[PDB]
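Quick heads-up: it's one chain on its own, the form deposited in one PDB entry, in structure tokens.
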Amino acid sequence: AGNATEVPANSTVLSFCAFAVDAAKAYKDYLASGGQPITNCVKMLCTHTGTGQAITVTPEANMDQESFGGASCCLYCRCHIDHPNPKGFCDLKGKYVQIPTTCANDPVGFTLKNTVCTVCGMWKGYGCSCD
């Protein structure tokens, strides 16, 4: 009974981050020790003529990005653990995340390490035009 949500390639990393006191540090340390990035993310088929904003209500990938379902790019959603913000709610689940094509191999790691510019809505270092 029930419906499988995961693949065996993610068992080790999800189990490791599911038990950690600091899941974010655990995942970065897992990658640093040669571990593979979390796979089975929700990658979107899109026109690639989108605005290029980081977190959107519809896929907004441009020619330099890949669009993904937001919950699938969130380590806390992927591990079914508490979210680090004081309210305990997610900012990626329910939205689409645009990830640079060069970082599309590790969408979970990208969202953990990067910040969205509050002024232009693009990722800092990956499309943020202002200083």
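Note that residue numbering follows the sequence shown and begins at 1.
The same protein has a further form, the form solved in complex with a small molecule, not shown here; the description that follows concerns it.
Check: With a 4.5 Å heavy atom cut-off, would you call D91 a contact of the small molecule in the entry with it bound?
Finding: Contact check for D91: yes, within 4.5 Å of the small molecule in the entry with it bound.
Check: Can you check whether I55 is within 4.5 Å of the small molecule in the entry with it bound, heavy atom basis?
Finding: Judged by the heavy-atom cut-off of 4.5 Å, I55 is in contact with the small molecule in the entry with it bound.
Notebook entry, point to check: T115 near the small molecule in the entry with it bound, any heavy atom under 4.5 Å?
Noted result: Flag for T115 set to yes.
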